[PDB]
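Given next are the chains, with one letter for each unit.
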Amino acid sequence: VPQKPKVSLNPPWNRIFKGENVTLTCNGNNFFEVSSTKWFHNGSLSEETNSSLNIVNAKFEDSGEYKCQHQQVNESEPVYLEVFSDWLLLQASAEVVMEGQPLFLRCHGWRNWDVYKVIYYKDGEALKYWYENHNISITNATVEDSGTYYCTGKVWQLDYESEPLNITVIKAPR
Ligand SMILES: *[C@@H]1O[C@H](CO)[C@@H](O[C@@H]2O[C@H](CO)[C@@H](O[C@@H]3O[C@H](CO[C@H]4O[C@H](CO)[C@@H](O)[C@H](O)[C@@H]4O)[C@@H](O)[C@H](O)[C@@H]3O)[C@H](O)[C@H]2NC(C)=O)[C@H](O)[C@H]1NC(C)=O
Ligand SMILES: *[C@@H]1O[C@H](CO)[C@@H](O[C@@H]2O[C@H](CO)[C@@H](O)[C@H](O)[C@H]2NC(C)=O)[C@H](O[C@H]2O[C@H](C)[C@H](O)[C@H](O)[C@H]2O)[C@H]1NC(C)=O
Ligand SMILES: *[C@@H]1O[C@H](CO)[C@@H](O[C@@H]2O[C@H](CO)[C@@H](O)[C@H](O)[C@H]2NC(C)=O)[C@H](O)[C@H]1NC(C)=O
Ligand SMILES: *[C@@H]1O[C@H](CO)[C@@H](O)[C@H](O)[C@H]1NC(C)=O
Ligand SMILES: *[C@@H]1O[C@H](CO)[C@@H](O)[C@H](O)[C@H]1NC(C)=O
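Residues numbered from 1 in each chain as written, not as in the entry; some residues may be left out. Chains lettered and ligands numbered in written order. Heavy atoms only, no water.

Method information in the entry identifies X-ray crystallography as the source of the structure, with 3.20 Å recorded as the resolution.

The chain is annotated in the PDB entry as HIGH AFFINITY IMMUNOGLOBULIN EPSILON RECEPTOR ALPHA-SUBUNIT from Homo sapiens. For this entry, the PDB title field holds "HUMAN HIGH AFFINITY FC RECEPTOR FC(EPSILON)RI(ALPHA), MONOCLINIC CRYSTAL FORM 2". Among the UniProt annotations of the chain, the heading Subunit holds the following wording: "Tetramer of an alpha chain, a beta chain, and two disulfide linked gamma chains. Interacts with IGHE (via CH3 region)." What UniProt records for the chain under Subcellular location is the sentence "Cell membrane". (UniProt positions renumbered as here; feature names shortened; annotations may be inferred.)

Here it is as structure tokens:
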């Protein structure tokens, strides 16, 4: 059944600032041996053949759709990477999560700078409870956790607000 590679990102952040790094890794069931790989940036075949696709000092041109593919197996699901350039970027473990799975939010500051007085807003409303924590970690997700998020934080002496990010947790029917 698990008949297709699952692209994973390290760091998990599929949304990253211009110039940052990220490594795409193509992994699957060692059912059939894999000596090579096929990478696809915006549908075009990359020259990279190692199971790990690296992105150094991400450019905006690096944004897009990434997907790998091994021999004898279907094409991996797509993974969208998007390079930004702003003071605050709201990163997420996954923009879409199956109910029950972990959901991880983060208010990443430009050039890794530390962010103070961080507040997260879910649907224009301020997630007070989370005020204590720097970032938001939710072990077991809920369909109620769905909504448009965005953070607000002081970076190097000035206040800023990140671009909103819609996040949906799906209720699984079987
Ligand atoms: C792969 O497919 C992707 C589509 O899914 C392509 O992504 C687009 O790539 C272009 C550049 O190649 C990006 O454009 C740049 O955007 C920045 C950011 O602008 C921001 O700020 C202005 C004003 O301050 C605002 O008006 C904008 O809305 C942004 O908030 C500009 O500064 C650059 O000059 C340039 O226009 C696209 O943003 C990007 N789209 C996404 C969704 O990331 C990608 O290029 C494709 N690459 C290949 C190799 O096929
Ligand atoms: C790709 O994923 C599809 C499902 O969309 C798998 O299709 C099955 O393929 C077999 C013949 O290979 C066919 O008789 C079944 O009816 C298909 N099932 C469905 C639901 O359409 C396919 O996996 C299958 O084929 C490969 C070649 C291995 O033998 C797998 O063990 C087997 O499950 C997937 N293709 C590949 C190349 O993995
Ligand atoms: C992204 O990765 C590149 C690759 O290592 C980093 O560039 C290095 O920068 C250091 C300074 O910290 C230099 O000493 C090295 O020579 C650089 N290596 C290369 C290959 O250019 C870059 O700084 C990384 N950026 C982040 C945010 O991780
Ligand atoms: C709650 O989270 C743990 C993982 O730390 C997991 O074992 C458990 O199944 C989760 N609950 C649901 C409904 O998935
Ligand atoms: C963000 O959420 C709003 C309302 O839920 C929706 O209208 C908008 O299309 C979403 N953005 C994207 C890219 O789907």
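S.K.: Looking at this structure, I do not really get the side chain of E20. What am I missing?
M.R.: Relative to the assigned elements, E20 resides in the loop between β2 (15–17) and β3 (22–27). As a buried residue without a salt bridge, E20 has its nearest oppositely charged side chain in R106, at a separation of 6.5 Å. In terms of polar contacts, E20 uses its side chain to reach the side chain of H108, at 2.7 Å. What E20 contacts, discounting residues up to four positions off in sequence, is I55, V56, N57, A58, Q91, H108 and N112. (Helix = DSSP H or I, 4+ residues; strand = E, 2+ residues; numbered from the N terminus. Buried < 20%, exposed > 50% of the residue type's maximum accessible area, 1.4 Å probe, protein only. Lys, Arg positive; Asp, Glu negative; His and termini not counted. Salt bridge = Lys/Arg side-chain N within 4 Å of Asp/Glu carboxyl O. Polar contact = N/O pair within 3.5 Å; in protein donor to acceptor, adjacent residues only side chain to side chain. Contact = heavy atoms within 4.5 Å.)

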